[PDB]
Amino acid sequence: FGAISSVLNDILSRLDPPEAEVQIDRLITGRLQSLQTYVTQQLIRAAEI
Amino acid sequence: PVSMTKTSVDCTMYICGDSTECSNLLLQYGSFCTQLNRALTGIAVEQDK
Amino acid sequence: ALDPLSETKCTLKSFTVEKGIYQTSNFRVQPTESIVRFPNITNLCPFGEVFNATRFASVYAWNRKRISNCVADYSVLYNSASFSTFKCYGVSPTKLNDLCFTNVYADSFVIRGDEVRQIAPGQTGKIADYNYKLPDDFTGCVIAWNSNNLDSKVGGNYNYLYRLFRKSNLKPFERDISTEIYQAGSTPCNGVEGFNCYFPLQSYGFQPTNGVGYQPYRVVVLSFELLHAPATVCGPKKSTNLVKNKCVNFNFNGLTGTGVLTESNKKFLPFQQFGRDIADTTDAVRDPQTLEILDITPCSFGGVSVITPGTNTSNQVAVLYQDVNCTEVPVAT
Amino acid sequence: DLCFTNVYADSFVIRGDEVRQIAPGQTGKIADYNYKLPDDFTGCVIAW
Amino acid sequence: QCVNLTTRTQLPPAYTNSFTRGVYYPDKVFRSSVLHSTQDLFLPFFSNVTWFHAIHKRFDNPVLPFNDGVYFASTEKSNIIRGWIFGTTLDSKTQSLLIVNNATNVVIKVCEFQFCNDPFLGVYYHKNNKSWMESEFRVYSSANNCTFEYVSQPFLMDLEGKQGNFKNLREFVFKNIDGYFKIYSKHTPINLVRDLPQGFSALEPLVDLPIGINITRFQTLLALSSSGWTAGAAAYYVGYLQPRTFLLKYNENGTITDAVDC
Amino acid sequence: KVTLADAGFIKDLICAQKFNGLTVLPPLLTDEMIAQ
């Protein structure tokens, strides 16, 4: 999602907080968008069933 | 078809998996996760109905 | 947090709870202790051969030395006030004390005191286009400090020379040595020299009474890369004993995590040192001191549901732990 | 055109090159040993 | 020293089809029972590889280009391929990489060497003592500046063997990326006559070398008064890698079982 | 005839899903009460 790693603990075990926060924000944004996509498609499939 | 599988997702283990700094950063986004758990719980009840 | 009825009242934002079942916050077994496993390397790293070196070559012939198989210590490098600038780019200088690397590179040269800003990746300038270019995905540290007294003489140490003109910009981590003459004019140039036929290498005016910004600065670059290989260069961390079948915090060569280590059945090939999941999480690891393969399993968890009648009837509840055998509830969020 | 609760004035003297180190989040000698600012700092720094 | 040998038959080069060869482990991370797609330099399936041969007469060690890596292969009896030369101008203005796997050592040099027209190795032939002994090392004459060096542990390989069919099958991939020289390899015993096997095998990574040179040409060395000699039966194959997405199948053991070229 | 997937009995790919916060709840009516 634009950050330096897909592993959260590798960001935590490498960088101090004031710029590790910026990478963690990109991870949070991408993963939250994936959850919203999944929930919307599950709602529509539940309507069909 | 009558029903589909009842699936539950937990945000804070999915998004900020076992971290404290990520949890504190996630609290600035308000109430997305209660919304997602509410929607998925609604689907899981409607299957048994 | 006092009792599950209170927690249900908290997560519903009400003081009256009607009859039913409510999913509430999860439970997670807490880890008991920490495990650190680092290899058995003892010798220190030859840092005096780099920093207290007698001679640095010129920037267009920069010297590269490979640091391997030692125990580094970046606290003694960071705490010295001798360094004028010390900036680390892929890491923070604090955490360098407890990471382990595969091999370290040391690049050494000398530069004019104002061209140091051109050494960062993405910036463009004289030496950035002609002498030494860094990749934009750089992971390492840049250290620079003036060496005014030691090399610059009043007669002028004119052995420090750098390339002025180049045919095209060069790819990072490369080097050119040449005696070729340069054709800045339209006409081709042969022989030795002619009109606008320039020798591309020109020397600095390093003499000590010159003002700052024309001074000689010694510059060293560290260019280690991270955690995709068996590790050689560690920091000063002492290994503990190895504890299995308990939720522990493991630190395997800088790979950090929490879980249960189990004797495995996976048969690693001898060139492999990790093992990943579909979701890019490590689930097998090789102990760097005793060459054995350990499985990593995350600790037990699950949802917790509160079954209540209405609060208008009574204040008694029952608790459901989802998909967990009962014996793991007394042990423990 | 703002109003505040109360204002604090911190006074000291350092070397002329460590003034770069007084900003919060960056580290070094004077940041780790003598005077540290919080990362959520609001206010001004004045040096001359 | 070197001798300009000429006594050989002249033939056009031969072409052969690289059926399902040229796949290696792209990283050192164990994966199991999963289908993983990667994008890297590989040898494409059903590509046309150049075949060079030495029989009886036949001795061809030509200058070949080096663009974005080489799949080398060698099908062989009696261990006649030994050497590997890498460089960009080869004439004492740039350093040269050399691998020499002779009867004694594995000598790996990165030196400012000086070469000539016909550099090669050579041994004498069964000179009434039931053995072939090394007698000929005419590769270079000068070495000015030599930064890296390595000599491995001593040993002794065999220098005899007479079969009509090869049994040694060596597969190699040589790459140079970002100043790193990467060697991947595999050995296989096989029963074949005059071509490349149709089959599947992966390549383990073997060696990284931190060289940092620019290589655009390469040339192979073969084992053998100034003329009149016998060449052992040997065949070797050259192919070139391309940036092509692959799909890889890892089994339970983490062993690459099949691949699909995209 | 139907090849069930993601059964999620307490104890492969199902556990790999399970360790990242993905759970499967059991239905209220079993497979025997429906047959009744």
# chains A, B, ... in the order shown; residues from 1 in each chain; ligands from 1

call {"tool": "interface_residues", "arguments": {"of": "chain B", "to": "chain F", "cutoff": "7 Å", "atoms": "only C-alpha atoms", "output": "PyMOL selection string"}}
result
chain B and resi 6-10+13-14+48

call {"tool": "interface_residues", "arguments": {"of": "chain E", "to": "chain F", "cutoff": "12 Å", "atoms": "only C-alpha atoms", "output": "PDB file with C-alpha atoms, in the first residue's frame"}}
result
ATOM      1  CA  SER E  32       5.021 -25.232   0.801  1.00  0.00           C
ATOM      2  CA  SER E  33       2.055 -26.586  -1.184  1.00  0.00           C
ATOM      3  CA  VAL E  34       1.150 -23.276  -2.779  1.00  0.00           C
TER       4      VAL E  34
END

call {"tool": "interface_residues", "arguments": {"of": "chain B", "to": "chain A", "cutoff": "7 Å", "atoms": "only C-alpha atoms", "output": "PyMOL selection string"}}
result
chain B and resi 1-3+15+43

call {"tool": "interface_residues", "arguments": {"of": "chain C", "to": "chain F", "cutoff": "12 Å", "atoms": "only C-alpha atoms", "output": "number ranges by chain"}}
result
C: 26-28, 259, 276-283, 296-303, 322-325

call {"tool": "write_last_selection", "arguments": {"atoms": "N, CA, C and O atoms", "output": "compact mmCIF listing (two decimals), in the first residue's frame"}}
result
# COMPACT_ATOMS: atom_id res chain seq x y z
N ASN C 26 -12.85 -9.47 22.58
CA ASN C 26 -12.21 -10.77 22.55
C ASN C 26 -11.29 -10.96 23.74
O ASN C 26 -11.05 -10.05 24.53
N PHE C 27 -10.78 -12.18 23.86
CA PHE C 27 -9.80 -12.51 24.88
C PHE C 27 -8.55 -13.03 24.18
O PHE C 27 -8.62 -13.58 23.09
N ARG C 28 -7.41 -12.83 24.83
CA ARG C 28 -6.16 -13.26 24.23
C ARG C 28 -5.21 -13.65 25.34
O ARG C 28 -5.07 -12.92 26.32
N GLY C 259 4.32 -15.80 20.21
CA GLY C 259 3.62 -17.03 19.92
C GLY C 259 4.22 -18.20 20.68
O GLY C 259 4.93 -18.02 21.66
N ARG C 276 7.11 -18.61 5.15
CA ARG C 276 6.03 -17.65 5.25
C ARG C 276 4.69 -18.32 4.98
O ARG C 276 4.61 -19.46 4.52
N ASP C 277 3.65 -17.58 5.30
CA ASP C 277 2.27 -18.01 5.13
C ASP C 277 1.74 -17.41 3.84
O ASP C 277 2.46 -16.74 3.09
N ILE C 278 0.46 -17.66 3.58
CA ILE C 278 -0.19 -16.98 2.46
C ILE C 278 -0.35 -15.50 2.78
O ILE C 278 -0.17 -14.65 1.90
N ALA C 279 -0.62 -15.17 4.04
CA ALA C 279 -0.82 -13.79 4.46
C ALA C 279 0.48 -13.10 4.86
O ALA C 279 0.43 -12.10 5.58
N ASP C 280 1.63 -13.63 4.42
CA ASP C 280 2.97 -13.04 4.65
C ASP C 280 3.27 -12.88 6.14
O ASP C 280 3.64 -11.81 6.62
N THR C 281 3.10 -13.97 6.89
CA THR C 281 3.52 -14.02 8.28
C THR C 281 4.39 -15.25 8.45
O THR C 281 4.07 -16.32 7.92
N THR C 282 5.49 -15.10 9.19
CA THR C 282 6.41 -16.20 9.36
C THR C 282 5.81 -17.26 10.26
O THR C 282 5.25 -16.96 11.31
N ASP C 283 5.91 -18.52 9.83
CA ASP C 283 5.37 -19.62 10.61
C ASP C 283 6.38 -20.73 10.83
O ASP C 283 6.05 -21.73 11.48
N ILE C 296 5.98 -21.80 14.54
CA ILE C 296 5.45 -20.70 15.33
C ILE C 296 3.95 -20.68 15.19
O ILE C 296 3.42 -20.53 14.08
N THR C 297 3.25 -20.82 16.31
CA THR C 297 1.80 -20.82 16.31
C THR C 297 1.33 -19.64 17.15
O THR C 297 1.83 -19.45 18.27
N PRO C 298 0.42 -18.81 16.65
CA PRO C 298 -0.09 -17.71 17.46
C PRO C 298 -0.92 -18.22 18.63
O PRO C 298 -1.48 -19.32 18.58
N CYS C 299 -0.96 -17.42 19.68
CA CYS C 299 -1.59 -17.83 20.93
C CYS C 299 -3.10 -17.93 20.77
O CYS C 299 -3.69 -17.44 19.80
N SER C 300 -3.74 -18.59 21.73
CA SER C 300 -5.16 -18.84 21.68
C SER C 300 -5.93 -17.54 21.86
O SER C 300 -5.49 -16.63 22.58
N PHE C 301 -7.06 -17.45 21.18
CA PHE C 301 -7.93 -16.29 21.30
C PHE C 301 -9.34 -16.73 20.93
O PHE C 301 -9.60 -17.91 20.69
N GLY C 302 -10.24 -15.77 20.90
CA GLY C 302 -11.60 -16.04 20.48
C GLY C 302 -12.51 -14.94 20.95
O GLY C 302 -12.14 -14.08 21.73
N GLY C 303 -13.74 -14.99 20.44
CA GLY C 303 -14.76 -14.08 20.89
C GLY C 303 -15.30 -14.48 22.23
O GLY C 303 -15.19 -15.62 22.68
N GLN C 322 -15.99 -18.71 22.59
CA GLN C 322 -16.27 -19.33 21.31
C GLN C 322 -15.10 -20.18 20.86
O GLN C 322 -13.96 -19.70 20.83
N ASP C 323 -15.39 -21.44 20.53
CA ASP C 323 -14.47 -22.36 19.85
C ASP C 323 -13.19 -22.60 20.63
O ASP C 323 -12.12 -22.77 20.05
N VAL C 324 -13.29 -22.59 21.96
CA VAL C 324 -12.15 -22.81 22.83
C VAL C 324 -12.52 -23.95 23.77
O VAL C 324 -13.61 -23.94 24.35
N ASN C 325 -11.64 -24.94 23.87
CA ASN C 325 -11.82 -25.98 24.86
C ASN C 325 -11.72 -25.38 26.25
O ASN C 325 -10.97 -24.43 26.47

call {"tool": "residues_around", "arguments": {"residues": "range 108-122 of chain E", "least_positions_apart": "3", "cutoff": "6 Å", "atoms": "only C-alpha atoms", "output": "NGL selection string"}}
result
:E and (4 or 91-92 or 95-99 or 136-146 or 148-150 or 221 or 223-224)

call {"tool": "atom_distance", "arguments": {"atom1": "CA of residue 103 in chain E", "atom2": "CA of residue 154 in chain E"}}
result
9.1 Å

call {"tool": "closest_atom_pairs", "arguments": {"of": "chain C", "to": "chain E", "cutoff": "7 Å", "atoms": "only C-alpha atoms", "output": "tab-separated table"}}
result
residue	atom	partner	partner_atom	distance
C:229	CA	E:28	CA	6.8
C:267	CA	E:253	CA	6.9
C:271	CA	E:28	CA	6.5
C:272	CA	E:28	CA	5.0
C:273	CA	E:29	CA	6.4
C:274	CA	E:29	CA	5.2
C:275	CA	E:30	CA	4.6
C:276	CA	E:31	CA	6.3

call {"tool": "write_last_selection", "arguments": {"atoms": "N, CA and C atoms", "output": "PDB file, in the first residue's frame"}}
result
ATOM      1  N   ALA C 229      17.991 -13.147   4.265  1.00  0.00           N
ATOM      2  CA  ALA C 229      19.152 -14.010   4.139  1.00  0.00           C
ATOM      3  C   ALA C 229      19.571 -14.467   5.529  1.00  0.00           C
ATOM      4  N   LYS C 267      10.716 -30.069   6.762  1.00  0.00           N
ATOM      5  CA  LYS C 267      12.077 -30.452   6.410  1.00  0.00           C
ATOM      6  C   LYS C 267      12.650 -29.371   5.500  1.00  0.00           C
ATOM      7  N   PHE C 271      19.625 -24.175   2.299  1.00  0.00           N
ATOM      8  CA  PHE C 271      19.803 -22.775   1.945  1.00  0.00           C
ATOM      9  C   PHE C 271      18.668 -21.885   2.437  1.00  0.00           C
ATOM     10  N   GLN C 272      17.616 -22.457   3.019  1.00  0.00           N
ATOM     11  CA  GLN C 272      16.453 -21.694   3.447  1.00  0.00           C
ATOM     12  C   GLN C 272      16.551 -21.342   4.924  1.00  0.00           C
ATOM     13  N   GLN C 273      16.128 -20.122   5.262  1.00  0.00           N
ATOM     14  CA  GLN C 273      16.182 -19.689   6.652  1.00  0.00           C
ATOM     15  C   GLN C 273      14.898 -19.079   7.184  1.00  0.00           C
ATOM     16  N   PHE C 274      13.787 -19.131   6.462  1.00  0.00           N
ATOM     17  CA  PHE C 274      12.511 -18.637   6.955  1.00  0.00           C
ATOM     18  C   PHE C 274      11.408 -19.511   6.396  1.00  0.00           C
ATOM     19  N   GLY C 275      10.175 -19.107   6.639  1.00  0.00           N
ATOM     20  CA  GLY C 275       9.047 -19.771   6.030  1.00  0.00           C
ATOM     21  C   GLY C 275       7.818 -18.923   6.222  1.00  0.00           C
ATOM     22  N   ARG C 276       7.110 -18.610   5.151  1.00  0.00           N
ATOM     23  CA  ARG C 276       6.027 -17.653   5.247  1.00  0.00           C
ATOM     24  C   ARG C 276       4.693 -18.324   4.985  1.00  0.00           C
TER      25      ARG C 276
END

call {"tool": "closest_atom_pairs", "arguments": {"of": "chain D", "to": "chain C", "cutoff": "10 Å", "atoms": "only C-alpha atoms", "output": "tab-separated table"}}
result
residue	atom	partner	partner_atom	distance
D:17	CA	C:84	CA	9.8
D:27	CA	C:94	CA	9.2
D:28	CA	C:79	CA	8.1
D:29	CA	C:79	CA	7.7

call {"tool": "write_last_selection", "arguments": {"atoms": "N, CA, C and O atoms", "output": "mmCIF file, in the first residue's frame"}}
result
data_model
loop_
_atom_site.group_PDB
_atom_site.id
_atom_site.type_symbol
_atom_site.label_atom_id
_atom_site.label_comp_id
_atom_site.auth_asym_id
_atom_site.auth_seq_id
_atom_site.Cartn_x
_atom_site.Cartn_y
_atom_site.Cartn_z
ATOM 1 N N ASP D 17 25.617 25.201 17.168
ATOM 2 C CA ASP D 17 25.282 24.175 16.194
ATOM 3 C C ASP D 17 24.237 23.174 16.674
ATOM 4 O O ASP D 17 23.684 22.445 15.847
ATOM 5 N N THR D 27 16.889 13.526 17.565
ATOM 6 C CA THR D 27 17.631 13.073 18.725
ATOM 7 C C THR D 27 19.104 13.428 18.556
ATOM 8 O O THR D 27 19.541 13.877 17.490
ATOM 9 N N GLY D 28 19.864 13.231 19.627
ATOM 10 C CA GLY D 28 21.253 13.610 19.711
ATOM 11 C C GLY D 28 21.658 13.787 21.155
ATOM 12 O O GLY D 28 21.043 13.225 22.058
ATOM 13 N N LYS D 29 22.712 14.579 21.351
ATOM 14 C CA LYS D 29 23.249 14.807 22.687
ATOM 15 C C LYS D 29 22.272 15.599 23.548
ATOM 16 O O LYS D 29 21.801 15.117 24.587
#

call {"tool": "select_by_dssp", "arguments": {"residues": "chain B", "states": "alpha helix (DSSP H)", "output": "JSON, numbers by chain"}}
result
{"B": [11, 12, 13, 14, 21, 22, 23, 24, 25, 26, 32, 33, 34, 35, 36, 37, 38, 39, 40, 41, 42, 43, 44, 45, 46, 47, 48]}

call {"tool": "residues_around", "arguments": {"residues": "range 209-213 of chain C", "least_positions_apart": "3", "cutoff": "9 Å", "atoms": "only C-alpha atoms", "output": "VMD selection string"}}
result
chain C and resid 112 to 115 154 205 to 206 216

call {"tool": "write_last_selection", "arguments": {"atoms": "N, CA, C and O atoms", "output": "short mmCIF file (atom, residue, chain, number, x, y, z; two decimals), in the first residue's frame"}}
result
data_model
loop_
_atom_site.label_atom_id
_atom_site.label_comp_id
_atom_site.auth_asym_id
_atom_site.auth_seq_id
_atom_site.Cartn_x
_atom_site.Cartn_y
_atom_site.Cartn_z
N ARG C 112 34.22 18.21 -1.19
CA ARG C 112 34.14 19.60 -0.76
C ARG C 112 32.99 19.73 0.23
O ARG C 112 31.96 19.07 0.10
N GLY C 113 33.15 20.64 1.20
CA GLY C 113 32.27 20.70 2.35
C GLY C 113 30.84 21.12 2.06
O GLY C 113 29.98 20.96 2.93
N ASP C 114 30.56 21.64 0.87
CA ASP C 114 29.21 22.04 0.52
C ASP C 114 28.48 21.02 -0.35
O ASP C 114 27.26 21.10 -0.47
N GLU C 115 29.20 20.07 -0.94
CA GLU C 115 28.59 19.07 -1.81
C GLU C 115 28.05 17.88 -1.04
O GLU C 115 27.58 16.92 -1.67
N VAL C 154 49.50 23.56 3.09
CA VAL C 154 49.62 24.91 2.54
C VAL C 154 50.15 24.86 1.11
O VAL C 154 49.83 25.72 0.28
N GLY C 205 41.09 22.69 -4.75
CA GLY C 205 42.03 23.64 -4.19
C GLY C 205 42.12 23.53 -2.69
O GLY C 205 41.79 24.48 -1.97
N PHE C 206 42.57 22.38 -2.19
CA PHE C 206 42.58 22.11 -0.76
C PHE C 206 43.83 22.72 -0.13
O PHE C 206 44.90 22.11 -0.14
N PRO C 216 38.17 20.02 2.87
CA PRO C 216 38.03 18.58 2.65
C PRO C 216 37.19 17.94 3.75
O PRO C 216 37.42 18.17 4.94
#

call {"tool": "interface_residues", "arguments": {"of": "chain C", "to": "chain A", "cutoff": "10 Å", "atoms": "only C-alpha atoms", "output": "VMD selection string"}}
result
chain C and resid 90 to 96 98 to 99 137 226 to 227 254 to 257 279 to 282

call {"tool": "residues_around", "arguments": {"residues": "range 54-63 of chain C", "least_positions_apart": "4", "cutoff": "7 Å", "atoms": "only C-alpha atoms", "output": "VMD selection string"}}
result
chain C and resid 107 to 111 131 160 to 163 175

call {"tool": "residues_around", "arguments": {"residues": "range 57-62 of chain E", "least_positions_apart": "5", "cutoff": "8 Å", "atoms": "only C-alpha atoms", "output": "ChimeraX atom specification"}}
result
/E:7-10,52,219-222,230-231

call {"tool": "write_last_selection", "arguments": {"atoms": "C-alpha atoms", "output": "compact mmCIF listing (two decimals), in the first residue's frame"}}
result
# COMPACT_ATOMS: atom_id res chain seq x y z
CA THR E 7 43.56 -28.21 -36.31
CA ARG E 8 39.78 -28.64 -36.25
CA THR E 9 36.84 -29.23 -38.56
CA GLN E 10 34.69 -26.20 -39.36
CA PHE E 52 28.42 -26.10 -29.11
CA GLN E 219 33.95 -17.34 -22.99
CA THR E 220 34.27 -20.94 -21.83
CA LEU E 221 37.50 -22.90 -21.33
CA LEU E 222 37.89 -26.55 -22.29
CA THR E 230 42.48 -35.53 -28.97
CA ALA E 231 39.31 -33.78 -27.85

call {"tool": "select_by_dssp", "arguments": {"residues": "range 16-130 of chain C", "states": "strand (DSSP E or B)", "output": "PyMOL selection string"}}
result
chain C and resi 20-28+33-37+44+63-67+71+85-88+101+104-112

call {"tool": "residues_around", "arguments": {"residues": "range 177-185 of chain C", "least_positions_apart": "6", "cutoff": "10 Å", "atoms": "only C-alpha atoms", "output": "ChimeraX atom specification"}}
result
/C:60-61,163-167,191-201 /E:93-94

call {"tool": "write_last_selection", "arguments": {"atoms": "N, CA, C and O atoms", "output": "JSON list (two decimals), in the first residue's frame"}}
result
[["chain", "number", "residue", "atom", "x", "y", "z"],
["C", 60, "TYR", "N", 35.82, 10.12, -7.27],
["C", 60, "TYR", "CA", 35.54, 9.36, -8.48],
["C", 60, "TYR", "C", 36.20, 7.99, -8.48],
["C", 60, "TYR", "O", 35.97, 7.21, -9.41],
["C", 61, "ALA", "N", 37.03, 7.69, -7.48],
["C", 61, "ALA", "CA", 37.56, 6.35, -7.28],
["C", 61, "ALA", "C", 37.34, 5.92, -5.84],
["C", 61, "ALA", "O", 38.28, 5.57, -5.13],
["C", 163, "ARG", "N", 35.90, 14.07, -11.32],
["C", 163, "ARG", "CA", 35.50, 14.17, -12.71],
["C", 163, "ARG", "C", 34.57, 15.36, -12.89],
["C", 163, "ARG", "O", 33.60, 15.53, -12.14],
["C", 164, "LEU", "N", 34.87, 16.19, -13.89],
["C", 164, "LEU", "CA", 34.04, 17.34, -14.18],
["C", 164, "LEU", "C", 32.94, 17.02, -15.18],
["C", 164, "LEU", "O", 31.76, 17.24, -14.91],
["C", 165, "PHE", "N", 33.32, 16.51, -16.35],
["C", 165, "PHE", "CA", 32.38, 16.29, -17.44],
["C", 165, "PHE", "C", 32.27, 14.80, -17.71],
["C", 165, "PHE", "O", 33.26, 14.07, -17.66],
["C", 166, "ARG", "N", 31.05, 14.36, -17.99],
["C", 166, "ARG", "CA", 30.78, 12.97, -18.27],
["C", 166, "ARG", "C", 29.82, 12.89, -19.45],
["C", 166, "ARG", "O", 29.03, 13.82, -19.68],
["C", 167, "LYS", "N", 29.91, 11.79, -20.20],
["C", 167, "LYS", "CA", 29.09, 11.60, -21.39],
["C", 167, "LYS", "C", 27.61, 11.49, -21.03],
["C", 167, "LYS", "O", 26.76, 12.06, -21.73],
["C", 191, "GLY", "N", 44.46, 12.91, -30.63],
["C", 191, "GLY", "CA", 45.73, 13.25, -30.03],
["C", 191, "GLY", "C", 45.62, 13.30, -28.52],
["C", 191, "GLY", "O", 45.16, 12.35, -27.87],
["C", 192, "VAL", "N", 46.04, 14.42, -27.95],
["C", 192, "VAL", "CA", 45.96, 14.65, -26.51],
["C", 192, "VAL", "C", 44.98, 15.77, -26.19],
["C", 192, "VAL", "O", 43.97, 15.56, -25.52],
["C", 193, "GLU", "N", 45.25, 16.98, -26.67],
["C", 193, "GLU", "CA", 44.48, 18.15, -26.29],
["C", 193, "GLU", "C", 44.29, 19.04, -27.50],
["C", 193, "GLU", "O", 45.10, 19.04, -28.44],
["C", 194, "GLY", "N", 43.21, 19.80, -27.49],
["C", 194, "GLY", "CA", 42.96, 20.77, -28.54],
["C", 194, "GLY", "C", 42.05, 21.86, -28.01],
["C", 194, "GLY", "O", 41.90, 22.01, -26.80],
["C", 195, "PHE", "N", 41.48, 22.63, -28.93],
["C", 195, "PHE", "CA", 40.50, 23.64, -28.54],
["C", 195, "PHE", "C", 39.24, 22.95, -28.04],
["C", 195, "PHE", "O", 38.76, 22.00, -28.65],
["C", 196, "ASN", "N", 38.73, 23.45, -26.90],
["C", 196, "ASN", "CA", 37.66, 22.92, -26.05],
["C", 196, "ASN", "C", 37.69, 21.39, -25.88],
["C", 196, "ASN", "O", 36.64, 20.74, -25.80],
["C", 197, "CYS", "N", 38.89, 20.84, -25.76],
["C", 197, "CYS", "CA", 39.12, 19.42, -25.51],
["C", 197, "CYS", "C", 39.56, 19.32, -24.06],
["C", 197, "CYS", "O", 40.71, 19.63, -23.74],
["C", 198, "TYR", "N", 38.66, 18.90, -23.19],
["C", 198, "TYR", "CA", 38.91, 19.01, -21.76],
["C", 198, "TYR", "C", 39.30, 17.68, -21.15],
["C", 198, "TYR", "O", 38.73, 16.63, -21.48],
["C", 199, "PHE", "N", 40.27, 17.71, -20.25],
["C", 199, "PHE", "CA", 40.53, 16.55, -19.42],
["C", 199, "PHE", "C", 39.51, 16.58, -18.30],
["C", 199, "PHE", "O", 39.45, 17.55, -17.54],
["C", 200, "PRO", "N", 38.67, 15.54, -18.17],
["C", 200, "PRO", "CA", 37.50, 15.63, -17.28],
["C", 200, "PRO", "C", 37.84, 15.62, -15.81],
["C", 200, "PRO", "O", 37.00, 16.03, -15.00],
["C", 201, "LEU", "N", 39.03, 15.19, -15.42],
["C", 201, "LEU", "CA", 39.39, 15.12, -14.02],
["C", 201, "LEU", "C", 40.14, 16.38, -13.61],
["C", 201, "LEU", "O", 41.13, 16.75, -14.23],
["E", 93, "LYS", "N", 42.37, -3.36, -19.72],
["E", 93, "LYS", "CA", 41.90, -2.06, -19.26],
["E", 93, "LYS", "C", 40.74, -2.15, -18.28],
["E", 93, "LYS", "O", 40.33, -1.12, -17.73],
["E", 94, "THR", "N", 40.20, -3.35, -18.05],
["E", 94, "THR", "CA", 39.15, -3.57, -17.07],
["E", 94, "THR", "C", 39.41, -4.93, -16.43],
["E", 94, "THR", "O", 39.99, -5.82, -17.07]]
